[PDB]
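Novice: Provided hereafter are the protein sequence and its experimental coordinates.
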Amino acid sequence: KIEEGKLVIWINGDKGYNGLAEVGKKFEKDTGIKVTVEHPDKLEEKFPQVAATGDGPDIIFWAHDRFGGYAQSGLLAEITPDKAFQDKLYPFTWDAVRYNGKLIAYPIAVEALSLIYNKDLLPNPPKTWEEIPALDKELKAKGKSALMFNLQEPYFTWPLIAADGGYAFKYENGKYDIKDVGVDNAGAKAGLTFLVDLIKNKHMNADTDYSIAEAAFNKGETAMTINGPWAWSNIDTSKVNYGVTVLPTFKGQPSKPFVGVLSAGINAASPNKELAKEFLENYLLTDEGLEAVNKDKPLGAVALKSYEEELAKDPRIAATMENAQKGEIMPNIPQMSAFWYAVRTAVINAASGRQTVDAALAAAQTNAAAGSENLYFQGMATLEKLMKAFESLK
Amino acid sequence: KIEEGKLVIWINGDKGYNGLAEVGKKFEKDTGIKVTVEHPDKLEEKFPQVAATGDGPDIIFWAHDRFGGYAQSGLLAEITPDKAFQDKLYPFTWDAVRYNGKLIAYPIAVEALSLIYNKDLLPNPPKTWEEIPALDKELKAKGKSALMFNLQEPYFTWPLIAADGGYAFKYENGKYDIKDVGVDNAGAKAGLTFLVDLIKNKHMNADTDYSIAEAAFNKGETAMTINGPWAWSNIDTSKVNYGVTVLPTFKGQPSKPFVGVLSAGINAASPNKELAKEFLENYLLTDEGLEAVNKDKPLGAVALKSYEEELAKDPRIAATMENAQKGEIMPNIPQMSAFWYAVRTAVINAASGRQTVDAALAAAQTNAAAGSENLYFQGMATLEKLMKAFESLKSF
Amino acid sequence: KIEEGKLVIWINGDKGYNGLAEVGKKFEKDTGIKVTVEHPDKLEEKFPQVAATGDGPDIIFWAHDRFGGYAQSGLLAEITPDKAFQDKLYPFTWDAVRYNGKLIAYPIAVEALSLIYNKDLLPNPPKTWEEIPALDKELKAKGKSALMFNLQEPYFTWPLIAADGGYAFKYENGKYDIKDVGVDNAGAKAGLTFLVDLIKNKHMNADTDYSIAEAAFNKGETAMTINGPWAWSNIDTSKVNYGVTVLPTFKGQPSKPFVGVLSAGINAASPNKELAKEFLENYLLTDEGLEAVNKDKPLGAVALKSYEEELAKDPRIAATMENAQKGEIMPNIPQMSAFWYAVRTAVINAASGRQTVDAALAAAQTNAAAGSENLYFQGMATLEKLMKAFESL
Amino acid sequence: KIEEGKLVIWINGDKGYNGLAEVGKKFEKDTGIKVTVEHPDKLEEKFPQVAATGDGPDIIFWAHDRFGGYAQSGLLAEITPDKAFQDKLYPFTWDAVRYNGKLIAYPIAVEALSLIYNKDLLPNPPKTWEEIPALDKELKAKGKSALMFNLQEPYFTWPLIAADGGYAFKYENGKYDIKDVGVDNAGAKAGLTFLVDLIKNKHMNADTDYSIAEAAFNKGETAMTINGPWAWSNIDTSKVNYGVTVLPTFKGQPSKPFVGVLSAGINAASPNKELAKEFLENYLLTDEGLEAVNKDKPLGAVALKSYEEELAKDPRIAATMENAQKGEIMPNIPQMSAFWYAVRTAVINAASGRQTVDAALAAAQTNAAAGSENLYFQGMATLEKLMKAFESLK
Amino acid sequence: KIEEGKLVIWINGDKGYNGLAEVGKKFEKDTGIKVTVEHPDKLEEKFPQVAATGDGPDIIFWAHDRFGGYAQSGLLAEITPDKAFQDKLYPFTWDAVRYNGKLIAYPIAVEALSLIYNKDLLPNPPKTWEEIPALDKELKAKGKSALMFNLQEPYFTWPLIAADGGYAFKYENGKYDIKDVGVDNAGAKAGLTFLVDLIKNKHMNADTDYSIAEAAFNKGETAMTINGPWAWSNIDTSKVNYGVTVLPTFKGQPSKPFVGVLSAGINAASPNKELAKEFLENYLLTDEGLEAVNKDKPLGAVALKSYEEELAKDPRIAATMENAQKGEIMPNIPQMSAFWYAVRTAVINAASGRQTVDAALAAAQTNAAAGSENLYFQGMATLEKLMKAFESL
Ligand SMILES: [Zn+2]
């Protein structure tokens, strides 16, 4: 059961939800429709259950990555945006909310990796990876390091790898093709061989995790770390003279990071899909609205072009955008699980020297392409051995 | 092995099998060639085992859907009917007897669903789904129901779902494309939401199965059921005044049931495939032949144009045809196993309301469709039910 | 939770339930306490679910064989009859309502196999199996047969097999030992070898079913069958001149058939256990009570000595008793599945002659003694093989 | 094969392990013999693998419950203390270190459940279970509770159940007999029926787990919890006036809890079984020794009579002892696995009321007790849960 | 395949079957009863198939170890030799042919493991294991080994292990108790720790199989192998000066090898059990009989006292006897399957050093018991692994 004529809205308890509620009152003051905004426990896992049985909210607010899983289950309602409203948003945001060539959510905000540098230590930062080795040995003259970032998690390593040629799955007709993987590409191999070289030349350490990488930059012992908006107010706490800016270009081409787009989805189970649209298109996603939310707790960069330009007076925002603008969107398909697990190993084995670059990426290429093929075989094969125990038994 | 000169046939003990043996003598009385007819028990499951070893009959008679299973194993022999003989039969039947664009069997009968009505209680039948709520409340006012039919088996429910645009697999040129499924499309969603509406309005009950649905119409307690030829002579047993006709049009579009062709294919292990052809082409599949079989136990509709037109003076036959003619041909491919199992569940969850319509059809679309991109979801779907089996042991 | 002060009582819809309800009125009009007697659907399978959860009836009427399964689960109340009330019932019936040396139900009726004979064809019945060959060939000269019974089900064949010394499990000091099986034994081998001889000499057929056995006697084509009280009402209908009497003795030892003891068990979930006892001991199990129930639908012979002596003027009762009195009580322990499964085959294979006597009984000995031992291995073996499959994921 | 002359010890990293190394120095200062005392992680699981292959320590320190598993594998050496040294220890400890009528290990510490009460809220402790209803409704006068303890785990509930007559297995001579189980006895049924009554009457709550029970007493919300020594350092931290005392007596008879004896067993693969004995008998297990270890991290009550009477000047020790002394010693044999599994369920089902008391204890009796007549029923029980697994797939 | 009057015998075509046929004619020429003696393919596995159907031979000749499996299935006939005729055979041979204190077959040939020595290389062989390391070094200086035998099969290793205190299952009054095992005891531990030491000191090698062990002794490259009668005529082939003698004493106690007694029992389906007895008691088991069979193909040692002493003038027979006499009889019970499998592993793990002695024999002890309590324990192992399994996934 979901009542007609009142918008019920779910959104994460750390986001500008009170800022959204203020757009809720302005909505009631114009059309007399009551808006209710809640941050209930594990709302991302709760939504699936209540959305299937016809219950839950009208509008749902979460990372685009989960909305693939919803859209799959048929739990999201398609959106019908006029030509005008798509021009009001950045065009790459729409590529983040397309499931089987259909728009399924309104995009809100953008969250991508950036290169953070200690302005004191490095007044003019490097625009290319290639130059960072040169810069490292200069800073070893003061016993400091040029860069340290989390090497273990491939979320961080991938931006470099992708630059020349690397991709996870290929986007075709507005849908990812799970056969077509870019782990063994010329540029992906080339990228990792460069990153391995940095570790083997001792310009970086294989042990560098998030804990060490942020710690080292924040205590000024390294000149640069890689981390997006979430890590910023830990560097404010250390009061380090810091700038956030574009990631360095490998083989001249920009680093392609992965993006966590905040999106507004409409419940397929809502009767109030028209009000939801009216609200979202013409109240929330305007300079007045996003401001109200942003001012409660900031969104990083935003989907609305007009207001992004105003937020982009802050260069840390304008960098996080330009990096997301140059990067690829996080695939919402669940074959990513297999992709991560393999690439995580390939970095670690190339780091330790358990395998060569080309040898490790080859294992991942096979493990990632055939992750769809792997799970089904483990499934069907265990059911065949289940049937072989019981059918005999009687 | 199989004796040279002598034809041996298997056919089910519900069919006019002695009547068919009489057509076997008509072959012996014209060319001196001997025919044996057997009604062996579980002949459809026996056939695979004896047909692989080289043994069994020359001719087998069974539903085309099972001949997919045989054709795969290579135990049916390809057929060469002249272009003329294809014009002698209805052309849509031939689309039910082809496997990977090659013919394996001669089609005989067509068994499709119809909408049957208690003509006392409603003399002139409803020609849309649209008006069923209106008609239901008319009958409830003195203690009858408009419609009641088996909701559990999707063979019955699917006709409505398919109407506006639903399909199982996309048939192109020669055969079905196993990636392209039509379970989540606009018309399939629309169809089910209408069937859900009937249950949520209390115009019909989610529990209504074959046992209750046939029982209640035969006792006159409801006006209309949906049922094929098999349930005719059980309405004769109750002797309730019944008329059988075309299914009602949803969204102006025809209702589309699945087409159950009784088919005659030929053992690859036969030396006597030419006699088989001679017999089948120019004895069984002739107005004289089918009549002899029909008169032992009736055939419903038939593939042979000339004799269907004679049987179709009976409007109940002519209806069962017109509904098969407007419906979609029953897939012989083994992705139907997945298609049935999932759609069966999606109906039941949409019926109870434990899932929504859209949520259930989405699960079926994923569970039925057999593309590369589905694989991870069918993978995750089996492991999520598997680990729920391991849980049950431990807490006991 | 089962409301206090009031007895709810459950019994099979074919038994004298209205006759019991009248004992219910006599209870209400003497102590002011309401008796509720029901014919609930599948009451034997309903009881386990409701009785474990604390709901259901106070007092329950069923074959003793299921009350083993209940008593094990702890769903029955232990009962305390004075020494006098134990003498009021036949003493062998008490051995049928004992689980792990504890009494768990009151024994009511007795239901045992008897030798039914066509007085027309056989005016005086045979006292030994041994003499049936002599009698048989005389009656083949008349175009008839001396004996036919269901040979498939070992419930029928077993009484003969047991005679000289065969047993399923040994009942010792008021507890069954599942180690001690008597399927391969001097008397069990001897018994079957005699039954095999009858089939090998063509004095019987291996295919003889219940369907054929009843048919043949009731249409007079055979002179004797073995069958308990339930098959009486089909012999009356064909109006055949029939007498029922004690089973023939092999080597001078009694044929030992099996017994279906009707019992009254009390829910451990009852608060009204005192009234239950009061009712059952001093209303139902009295000449007045059982009569009322007996008159609604008859019970064959009965556990209450006093009223059995009145019922026993009917010789069909007095036979069914004397045969139960001389026979073995049905084990309530669930290792019996293994006993049946093996012995069922061993009869059939010895009958057809696919196995010899001693060879078949030996297979059953190993299958029956270690059927108890097998089930746990088949269980643990599938769980260890399941865990090896799930590990792979 | 472990080096001759040098004693090498394992012990859990929570115990007075440096204090034990100090006994290692006093041993080296008396016979010149070198001592290694080590706290390797998961040493209870590590020992099985390394001890079979001939590797690992000479001496191992753990709860006797695991030493059944070791003794089975033949990994412990049989030990010969003179009649005098057996009199130096409490005699009931020896029945905790006896496997197939053979001594395997020297007993050290005792860890038993006790009734700890908030002397502020309840100056005098209750001496009977019977009294708990009376005292419960008294304490609702300030909205307080009489008792809260973990009702899920049968280590806690068993003390009451056993009191009138319940036992797991019967001890006759040196041997526990796995035929004779006491889960369905008059006293075991009576015990649980009383514990059920407390929940039925709402004098206690079915939800009560360790997390809530310890939390609530630490916040002074209730008058008494049940707990062994480990929870003492949590009640000091919250600053609650607590006394430890004897467990309350059901039907007049003692609450009989299970005894968690810390013991030193000696590797059968050690050549230094002579040094091991010399050390343990006449250094560690003397007033001077245990004190040294106790002073690093306290040992609770102890097996050595001599030192226990000095430790027992602390009444909380002397109570914890008295509860072990009046309780039953923790069975080392592996039918306990079955015993726990069933009794865990039977409590929970009798607590919720989904089975009756008698119905649940009967299920556990059948599921646990023996393997001659019971075999068919535990067999039927596993096939019925197996068939419940195949059911789920559909 | 069984006829009345005519005796049909099955025996393996490695044994003196023609020598038995000569006893067949002497039987026909004295009591007029014709013998057929056959060498059927796979007759040990064939017998169960056609002995269950009532057919087969009347009399069958095989190792006593298999007759447990038959007797279980009920396929063997009981034998009644008078008290007098038991004195004619060595009494431990009768202890090989007993199912639940009832005799099933007549024992004919004794077969045990023996210590064979290269007479040239060691004229007087050692009477203790203890001295083998010392004696090995004496031969190592002349580029030879003291001892080599198949270490894979525990049939060979067991003689040493058993000596001090090892047994498989406890024989009490003519019955094996399958719970009571002697694998994890003082003398078994002591035995293996000695044999492990031989491998660890490199006085012997773990890789030694039968193929290598026979090869090495027969080519004279080692001074001693252990092997029974079957391996004699292969040592003749490259005839080294070789002698067979008693096994060495561990801790002063005899080595106890396993004894594979040739035995002759009776089809339960035979009518000719009395002729069978007549033949076996008073024709085959006489000096005249065994000689005739022995002369076709030698049987090594024999059960018949008088003729064994005449065969025993050959010391190689008299050794094979004395070794069987000091050894323990092979159990006919099929729980041996489990016992062997475990001891096979315990050798391998003690050989490699993957387990210690005590660790390995403990695993075997638990693997070897198979009874009421032991099945329950491997059941306990599955429930303990189940509880760990759900938490992990
Ligand atoms: Zn009308």
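Specialist: Looks like it arrived, so ask away. Numbers count the residues shown, from 1 in each chain, chains lettered A, B, ... in the order given.
Novice: up against chain B, what does chain A have?
Specialist: A:51-54, A:72-75, A:177-179, A:268-269, A:333-335, A:338, A:371-376, A:378-380, A:382-383, A:386 (CB under 8 Å from any CB of the partner chain). C-beta: built from backbone N, CA, C; applies to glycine.
Novice: which of those residues fall in strands?
Specialist: Cross-referencing those with the strands (criterion: DSSP state E) gives residue A:177 as the overlap.
Novice: among the residues of chain A next to chain B, which are in reach of chain D?
Specialist: Contacts with chain D are made by A:383, A:386 out of the residues of chain A next to chain B, judged by CB under 8 Å from any CB.
Novice: drop anything exposed from the residues of chain A next to chain B.
Specialist: By neighbour count, with 16 or more other CB atoms under 10 Å in any protein chain shown, these hold A:51-54, A:72-75, A:178, A:268-269, A:333-335, A:338, A:371-376, A:379, A:382-383, A:386 as buried.
Novice: out of everything not next to it in sequence, what's closest to residue A:66?
Specialist: Among residues not flanking residue A:66 along the chain, residue A:44 sits closest, at 5.3 Å (CB to CB, 6 or more residues apart in numbering or on different chains).
Novice: now residue A:378
Specialist: That would be residue C:393: by CB to CB, 6+ apart, it lies 5.6 Å from residue A:378.
Novice: give me the buried positions along stretch A:349-363.
Specialist: Using 16+ other CB under 10 Å as the test for burial, stretch A:349-363 gives A:349, A:350, A:351, A:355, A:357, A:360, A:361, A:362, A:363.
Novice: ok now do whichever residue of the stretch 151-300 of chain A sits closest to chain C, which residues does it touch?
Specialist: Nearest residue of the stretch 151-300 of chain A to chain C, counting by CB to the nearest CB: residue A:178, 20.7 Å away. Residues counted as contacts of residue A:178 (CB atoms under 8 Å, 6 or more residues apart in numbering or on different chains) are A:169, A:333, A:335, A:369, A:371, A:372, B:372, B:373, B:375, B:376.
Novice: again, only this time at 7 Å
Specialist: Each residue near residue A:178 by CB atoms under 7 Å, 6 or more residues apart in numbering or on different chains is listed here: A:169, A:333, A:335, A:372, B:372, B:373.
Novice: and stretch A:356-372, C-alpha only, in PDB?
Specialist: What follows is stretch A:356-372, C-alpha atoms only, in PDB (Å, rounded to 0.1, in the frame of the first residue of the first chain):
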ATOM      1  CA  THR A 356      54.400 -10.500 -14.600                       C
ATOM      2  CA  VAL A 357      52.000  -7.700 -15.700                       C
ATOM      3  CA  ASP A 358      50.900  -9.400 -19.000                       C
ATOM      4  CA  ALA A 359      50.500 -12.900 -17.200                       C
ATOM      5  CA  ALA A 360      48.300 -11.400 -14.400                       C
ATOM      6  CA  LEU A 361      46.000  -9.200 -16.600                       C
ATOM      7  CA  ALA A 362      45.500 -12.400 -18.800                       C
ATOM      8  CA  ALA A 363      44.100 -14.300 -15.800                       C
ATOM      9  CA  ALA A 364      41.800 -11.300 -15.000                       C
ATOM     10  CA  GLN A 365      40.700 -11.000 -18.700                       C
ATOM     11  CA  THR A 366      39.500 -14.700 -18.500                       C
ATOM     12  CA  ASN A 367      38.100 -14.400 -14.900                       C
ATOM     13  CA  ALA A 368      36.200 -11.100 -15.800                       C
ATOM     14  CA  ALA A 369      34.800 -12.000 -19.300                       C
ATOM     15  CA  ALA A 370      33.600 -15.400 -18.000                       C
ATOM     16  CA  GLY A 371      32.300 -14.300 -14.600                       C
ATOM     17  CA  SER A 372      28.800 -14.600 -16.100                       C
END
